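Here the structure comes first, spelled out in structure tokens, and everything after it is commentary.
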There are 2 protein chains.
Amino acid sequence: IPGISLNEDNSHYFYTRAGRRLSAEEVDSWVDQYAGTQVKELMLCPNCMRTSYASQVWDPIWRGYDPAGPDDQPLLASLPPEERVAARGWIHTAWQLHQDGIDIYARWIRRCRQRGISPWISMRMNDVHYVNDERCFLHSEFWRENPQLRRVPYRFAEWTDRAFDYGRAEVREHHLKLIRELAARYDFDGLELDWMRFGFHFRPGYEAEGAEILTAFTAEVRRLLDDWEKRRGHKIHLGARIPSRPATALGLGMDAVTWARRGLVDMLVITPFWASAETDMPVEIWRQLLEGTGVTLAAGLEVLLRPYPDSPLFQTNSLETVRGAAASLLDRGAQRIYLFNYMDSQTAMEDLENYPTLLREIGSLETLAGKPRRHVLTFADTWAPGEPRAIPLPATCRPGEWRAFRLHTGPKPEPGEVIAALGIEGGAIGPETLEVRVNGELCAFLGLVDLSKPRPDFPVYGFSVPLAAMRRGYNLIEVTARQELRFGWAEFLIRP
Amino acid sequence: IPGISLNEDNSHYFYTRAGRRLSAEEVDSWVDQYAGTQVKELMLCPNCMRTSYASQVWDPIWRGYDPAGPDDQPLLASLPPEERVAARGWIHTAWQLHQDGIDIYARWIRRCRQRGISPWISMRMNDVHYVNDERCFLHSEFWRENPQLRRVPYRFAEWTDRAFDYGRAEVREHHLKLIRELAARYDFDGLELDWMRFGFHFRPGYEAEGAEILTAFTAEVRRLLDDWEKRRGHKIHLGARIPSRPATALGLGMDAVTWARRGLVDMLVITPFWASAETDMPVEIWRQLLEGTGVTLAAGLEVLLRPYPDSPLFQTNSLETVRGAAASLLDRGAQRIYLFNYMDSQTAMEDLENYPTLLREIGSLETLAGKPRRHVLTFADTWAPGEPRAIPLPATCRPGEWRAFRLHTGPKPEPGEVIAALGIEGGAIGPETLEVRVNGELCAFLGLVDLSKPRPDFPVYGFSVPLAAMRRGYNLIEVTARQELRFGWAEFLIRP
């Protein structure tokens, strides 16, 4: 009964369906796969710097496009030949839909409500994909013509260095033009402000002024949706995607607690940016912070599952690891699981055959109960400029030294098997090299565990945990090594 | 004004006054030094595992003590000869005060009340000094006799490994016995549960059971003090010391938000343990978390000022660095500055001559306004077991890489000088080796800055900050190096 909010990105459908002349029937059919699942909202994303629909106030993705032209034309010249094919798949599908009189978002909204699903629009507030390429097809001419409105003029080490400065009146007006249009054109149940594309909206050091600025921006959004409530004749919700930890959120100018108390938002999605799902987010603290605000707290997952920032592994969540994350987050008080990058092809879980099952399971403690789950230790990819970073992995244990990992495994395990599993980097160990404890209780060596994807490319050793040791919420692995070892990977596998 | 809470420890007064037969008059005069200052409460600590007064339910410090005996007597046998002198200083001074019919805490309370100070009692809930020495004079026989009631049977790597487990009913009953005595013996304005001595009260992994357990204990303490409120004829306060971040506090089984909303406490002191004052604590988040509960939030300082956990420096805070910390925390919303280990001698500030100045200044932004101050980058000493740790220093910058440090400098500087100062560990920089920006603005090279204590034992390079670049709250130092460099120190010096 918590249920699922599922984000469809601005590019995905247009990439994957490229080369088909799409009917209105086919466009409608995309919604159907979500019908009869635990999905309660579809977060339809229509924009990056450019819109995928035929905007009057912004550049559509197909501005500058020669439909009959060669791949090597001005709009695509700046890409290597192979990437032209994929960009043009997005540009042409988006364009051809418009040429055929099909507004893909109007059709998805309408179809959502026939299928009992609540349709939302989710705007990317500050997308910066490929800003290293000034001539790239998907940048707005507004962005190309106005380098003075970027965040960081004194260097370029990161894409976010060329993000728009929301400190500027010009930049806010530019984003509010898109919103006024989205509210006029589309009869959505709610508008999501997606600050998490890419999280960085202010000059470094100006984030406190920025906080006051984004609260006032949010209030205008609410004030405008209140008008459209009267025009549409039903309630319109306003939500936002913000960082996973309160301090990082306030440090990037997102004072969501003020938004919630002033009645500006009624949904908050705490989430990472992209590098990895966070299996561990302080939901319970957010729940105290939002007490009495009537706001729906949504725990955001991302498709990637990686143990540390610098890992060369780029594997996605499985059904078992989303069951793990979802079990934990609901256990902590998440009033929704929110999927970002869990689409029906290309950007999707590694085990796509289990997507129907995933959408019928991860929305409830009841539907996860007694099912194989994996609770994997990751990290938070987004920190406010100069904020010290807390990254568990990797972790060296010198001989006779103790190392601890806390992993959130949510509901107490049902009768069955519990493994603490630990991967060791380098090139290894005896069954008495580690001493492994969970909540103080000795764990028996099991040996090499053969993991399903996602899995590291180094040995993973399994440790059998006494059932009764496991608690509700966090559980503590404690480990001492007789030899110096680097841990690259930690998890609990629970098999009832 | 917010004002000052000042903690006098269980040991200090008896250590420093050893060797003099003390008169009631001299005992009383100790309170007078705190009269007419911004000090509002004295937090008078009367215990570790043993009491400094003549307790009838716990061991006084002098249990085992032969007044007439040689230093080499069974109570002090386990210490090296020259530490027996200091130990016996405390024990003898404490013991002699009882024999002269002087109750130091009854007199202090009384004298506080005459000099318009609010007198508190602060109990150490789980002190473990020197628990490596099971024969040590300051451990309770109850501790010595009950190894099975400790937190961690499976290893001894830290003193907190031999702390009492409040998971056990006999451990809570043991501490409730002293509270029942302290409430009957002493007519205090409030009782402070000092959980931060040493902050670790539960078996590793049981900290969520712990949360329910400490809340139910705190409630019992509140119900007890409600009885004494009726006998004493006036309101009795309950406060507590807890970790500096909300996740770490809940992670150590201290759910102070529950305590506050259920009206169990009316004061909370966010604080480090010992290793360094924290110049940066999320006061503003605690203020949101505590909204409507009627609790006073106090920001706790410690006397040490150290850049990172493993630094070999052990210098203390100065008047300038305490003004720095105090300006910041008060700006962030602290309703009190709390000092721990800032006493009149031995354990105190490096510049003791400035103690009367400090006690009339750091309680208000008004009295701090227009005075030199130093905002030094430190670190949180205390993390929940297996909680990922965020430590800013030391920081390596590779050639052509960017490193940022956010430092909280509180109120916008008045007209005058601002220096960003950066200390470099290991073996030779030029005036262009570093590019230093504050809030994006270029800072001019100044050269080697000769710092007042506290100061690192490596070169400190100063950068002149355009006055107008400084903002209220955090200020961001960005630096890129042309050579690989490790930073061991970072501060803002503001000179009005």
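Naming works like this for the structure tokens: A, B, ... for the chains as they're shown, residue 1 at the start of each chain, ligands 1 onward in shown order.
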
Enumerate, in order of chain and increasing residue number, the residues of chain B with an atom no farther than 9 Å from chain A, each with its shortest atom pair and distance in Å to one decimal, counting only C-alpha atoms, as a tab-separated table.
residue	atom	partner	partner_atom	distance
B:152	CA	A:440	CA	7.7
B:153	CA	A:440	CA	8.6
B:154	CA	A:440	CA	7.5
B:157	CA	A:401	CA	8.2
B:203	CA	A:440	CA	7.5
B:204	CA	A:439	CA	5.8
B:205	CA	A:439	CA	4.4
B:206	CA	A:439	CA	6.9
B:207	CA	A:474	CA	8.9
B:208	CA	A:473	CA	7.8
B:246	CA	A:285	CA	7.6
B:247	CA	A:282	CA	7.3
B:257	CA	A:288	CA	7.7
B:282	CA	A:247	CA	7.2
B:285	CA	A:247	CA	7.4
B:288	CA	A:289	CA	6.6
B:289	CA	A:289	CA	5.4
B:290	CA	A:289	CA	8.8
B:385	CA	A:404	CA	6.8
B:386	CA	A:405	CA	4.3
B:387	CA	A:406	CA	6.2
B:388	CA	A:390	CA	5.0
B:389	CA	A:390	CA	4.8
B:390	CA	A:390	CA	4.1
B:391	CA	A:388	CA	5.7
B:392	CA	A:388	CA	4.9
B:393	CA	A:388	CA	8.7
B:401	CA	A:157	CA	8.2
B:402	CA	A:157	CA	8.2
B:403	CA	A:386	CA	7.6
B:404	CA	A:386	CA	4.4
B:405	CA	A:386	CA	4.2
B:406	CA	A:386	CA	4.7
B:407	CA	A:386	CA	8.3
B:438	CA	A:205	CA	7.7
B:439	CA	A:205	CA	4.5
B:440	CA	A:204	CA	6.5
B:470	CA	A:205	CA	8.9
B:471	CA	A:206	CA	7.8
B:472	CA	A:208	CA	8.1
B:473	CA	A:208	CA	7.6
B:474	CA	A:205	CA	7.1
B:475	CA	A:205	CA	5.7
B:476	CA	A:205	CA	5.1
B:477	CA	A:386	CA	7.8
B:478	CA	A:386	CA	8.1

Selection above as a file: N, CA and C atoms, as a compact mmCIF listing (two decimals), in the first residue's frame:
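Now in out.txt:
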# COMPACT_ATOMS: atom_id res chain seq x y z
N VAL B 152 31.05 -5.34 25.29
CA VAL B 152 31.80 -6.08 24.23
C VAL B 152 32.65 -7.15 24.90
N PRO B 153 32.15 -8.41 25.03
CA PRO B 153 32.96 -9.49 25.60
C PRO B 153 34.06 -10.04 24.68
N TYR B 154 33.93 -9.86 23.37
CA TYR B 154 34.69 -10.66 22.38
C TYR B 154 35.99 -9.92 22.05
N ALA B 157 39.68 -3.36 22.37
CA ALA B 157 40.48 -2.44 21.52
C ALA B 157 40.26 -0.99 21.97
N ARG B 203 25.55 -3.11 23.51
CA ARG B 203 26.21 -4.09 22.62
C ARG B 203 26.18 -3.57 21.19
N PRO B 204 27.30 -3.62 20.43
CA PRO B 204 27.29 -3.29 19.01
C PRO B 204 26.25 -4.10 18.20
N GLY B 205 25.32 -3.41 17.56
CA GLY B 205 24.18 -3.95 16.78
C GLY B 205 22.84 -3.85 17.48
N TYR B 206 22.80 -3.61 18.81
CA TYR B 206 21.53 -3.56 19.60
C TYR B 206 21.08 -2.12 19.85
N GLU B 207 21.56 -1.16 19.07
CA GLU B 207 21.41 0.28 19.41
C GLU B 207 19.97 0.75 19.20
N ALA B 208 19.14 0.02 18.46
CA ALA B 208 17.74 0.42 18.20
C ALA B 208 16.86 -0.09 19.36
N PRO B 246 22.28 14.24 14.18
CA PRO B 246 21.13 13.38 14.45
C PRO B 246 21.20 11.89 14.08
N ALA B 247 21.80 11.51 12.95
CA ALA B 247 21.98 10.08 12.60
C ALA B 247 22.89 9.43 13.64
N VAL B 257 14.75 13.47 19.71
CA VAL B 257 13.49 14.00 19.12
C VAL B 257 12.31 13.38 19.84
N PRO B 282 25.47 20.65 12.78
CA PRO B 282 24.25 21.06 12.08
C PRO B 282 23.19 21.54 13.07
N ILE B 285 19.55 22.02 11.72
CA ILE B 285 18.79 20.78 11.49
C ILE B 285 18.12 20.36 12.81
N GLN B 288 15.13 22.42 13.57
CA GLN B 288 13.91 22.02 12.81
C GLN B 288 13.36 20.77 13.51
N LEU B 289 14.26 19.82 13.76
CA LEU B 289 13.92 18.57 14.45
C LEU B 289 13.24 18.89 15.81
N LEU B 290 13.50 20.03 16.44
CA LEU B 290 13.07 20.26 17.86
C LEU B 290 11.94 21.31 17.93
N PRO B 385 28.56 2.74 15.72
CA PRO B 385 29.36 1.59 15.27
C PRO B 385 29.01 1.24 13.79
N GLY B 386 30.03 1.18 12.92
CA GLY B 386 30.02 0.88 11.47
C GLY B 386 29.40 1.97 10.61
N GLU B 387 29.07 3.12 11.22
CA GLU B 387 28.61 4.33 10.49
C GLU B 387 29.81 4.87 9.71
N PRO B 388 29.65 5.10 8.39
CA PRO B 388 30.63 5.81 7.60
C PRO B 388 30.97 7.18 8.19
N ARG B 389 32.25 7.47 8.30
CA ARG B 389 32.84 8.71 8.90
C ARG B 389 33.21 9.74 7.82
N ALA B 390 32.79 10.99 8.01
CA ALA B 390 33.12 12.13 7.13
C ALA B 390 34.19 12.99 7.84
N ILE B 391 35.47 12.87 7.47
CA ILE B 391 36.61 13.63 8.03
C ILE B 391 37.27 14.55 6.99
N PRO B 392 37.13 15.90 7.01
CA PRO B 392 37.74 16.77 5.99
C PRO B 392 39.28 16.67 5.83
N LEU B 393 40.05 16.61 6.95
CA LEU B 393 41.54 16.67 6.91
C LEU B 393 42.17 15.36 7.35
N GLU B 401 44.17 19.38 -9.92
CA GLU B 401 42.92 18.92 -9.22
C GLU B 401 42.39 20.08 -8.36
N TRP B 402 41.08 20.08 -8.06
CA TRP B 402 40.42 21.06 -7.15
C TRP B 402 40.03 20.38 -5.82
N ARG B 403 40.29 21.05 -4.70
CA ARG B 403 39.85 20.63 -3.35
C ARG B 403 39.05 21.77 -2.73
N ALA B 404 37.88 21.49 -2.18
CA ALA B 404 37.08 22.53 -1.49
C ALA B 404 36.99 22.22 0.02
N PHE B 405 36.94 23.28 0.86
CA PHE B 405 36.67 23.20 2.31
C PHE B 405 35.62 24.25 2.68
N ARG B 406 34.48 23.80 3.19
CA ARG B 406 33.46 24.75 3.67
C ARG B 406 33.71 24.92 5.15
N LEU B 407 33.77 26.16 5.60
CA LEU B 407 34.02 26.45 7.01
C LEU B 407 32.87 27.36 7.39
N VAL B 438 37.82 32.13 -2.61
CA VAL B 438 36.73 32.09 -1.59
C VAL B 438 35.41 32.56 -2.22
N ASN B 439 34.40 31.69 -2.18
CA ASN B 439 33.06 31.87 -2.79
C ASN B 439 33.27 32.28 -4.26
N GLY B 440 34.28 31.70 -4.90
CA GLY B 440 34.60 31.92 -6.31
C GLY B 440 35.56 33.09 -6.53
N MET B 470 32.88 37.28 1.50
CA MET B 470 32.44 36.53 2.69
C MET B 470 30.91 36.63 2.83
N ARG B 471 30.25 35.50 3.09
CA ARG B 471 28.78 35.49 3.34
C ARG B 471 28.48 35.08 4.79
N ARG B 472 27.25 35.31 5.21
CA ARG B 472 26.70 34.73 6.45
C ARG B 472 26.68 33.20 6.33
N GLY B 473 27.10 32.49 7.39
CA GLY B 473 27.07 31.02 7.43
C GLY B 473 28.34 30.42 6.85
N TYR B 474 28.23 29.37 6.05
CA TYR B 474 29.44 28.72 5.47
C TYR B 474 30.06 29.67 4.45
N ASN B 475 31.37 29.52 4.32
CA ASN B 475 32.19 30.17 3.30
C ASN B 475 33.07 29.08 2.73
N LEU B 476 33.21 29.03 1.41
CA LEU B 476 33.87 27.93 0.69
C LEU B 476 35.27 28.35 0.21
N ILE B 477 36.30 27.63 0.65
CA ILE B 477 37.70 27.71 0.16
C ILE B 477 37.83 26.70 -0.97
N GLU B 478 38.14 27.15 -2.18
CA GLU B 478 38.48 26.24 -3.30
C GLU B 478 39.95 26.46 -3.55

Exercise. Might you pull out every residue within 7 Å of segment 13-24 of chain A, with only C-alpha atoms counted and same-chain residues fewer than 6 positions away left off, and present them as a list in words?
Key: residues 86, 89, 90, 93, 94 and 102 of chain A

Keeping only N, CA, C and O atoms, write the selected residues as a short mmCIF file (atom, residue, chain, number, x, y, z; two decimals), in the first residue's frame.
data_model
loop_
_atom_site.label_atom_id
_atom_site.label_comp_id
_atom_site.auth_asym_id
_atom_site.auth_seq_id
_atom_site.Cartn_x
_atom_site.Cartn_y
_atom_site.Cartn_z
N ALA A 86 22.24 7.20 -32.75
CA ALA A 86 21.41 7.13 -31.54
C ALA A 86 20.74 8.50 -31.28
O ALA A 86 19.53 8.51 -31.02
N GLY A 89 17.90 9.01 -33.71
CA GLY A 89 16.77 8.14 -33.28
C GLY A 89 15.86 8.88 -32.31
O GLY A 89 14.66 8.87 -32.43
N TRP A 90 16.44 9.58 -31.37
CA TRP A 90 15.64 10.38 -30.39
C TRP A 90 15.02 11.58 -31.11
O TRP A 90 13.77 11.76 -31.07
N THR A 93 12.20 10.49 -33.86
CA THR A 93 10.98 9.87 -33.30
C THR A 93 10.16 10.99 -32.68
O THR A 93 8.93 10.99 -32.88
N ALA A 94 10.83 11.89 -31.96
CA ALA A 94 10.19 13.02 -31.24
C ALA A 94 9.53 13.89 -32.30
O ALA A 94 8.36 14.18 -32.16
N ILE A 102 0.48 13.83 -32.78
CA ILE A 102 0.49 13.01 -31.53
C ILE A 102 1.33 13.75 -30.49
O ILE A 102 2.56 13.75 -30.62
#

Quiz item: as a PyMOL selection string, which residues of segment 409-472 of chain B does DSSP assign to strand (DSSP E or B)?
Solution: chain B and resi 417-425+434-438+441-442+444-448+460-464

Practice problem: Quote the spacing between atom CA of residue 224 of chain B and atom CA of residue 120 of chain B in Å to one decimal place. | Solution: 16.2 Å

Self-check item: Test item: residues at most 12 Å from segment 136-146 of chain B, only C-alpha atoms, excluding those fewer than 2 positions along its chain, as a ChimeraX atom specification
Solution: /B:10-11,47-52,57-65,73-80,83-84,86-88,90-91,126-134,148-151,153,162-165,168,170-171,173-175
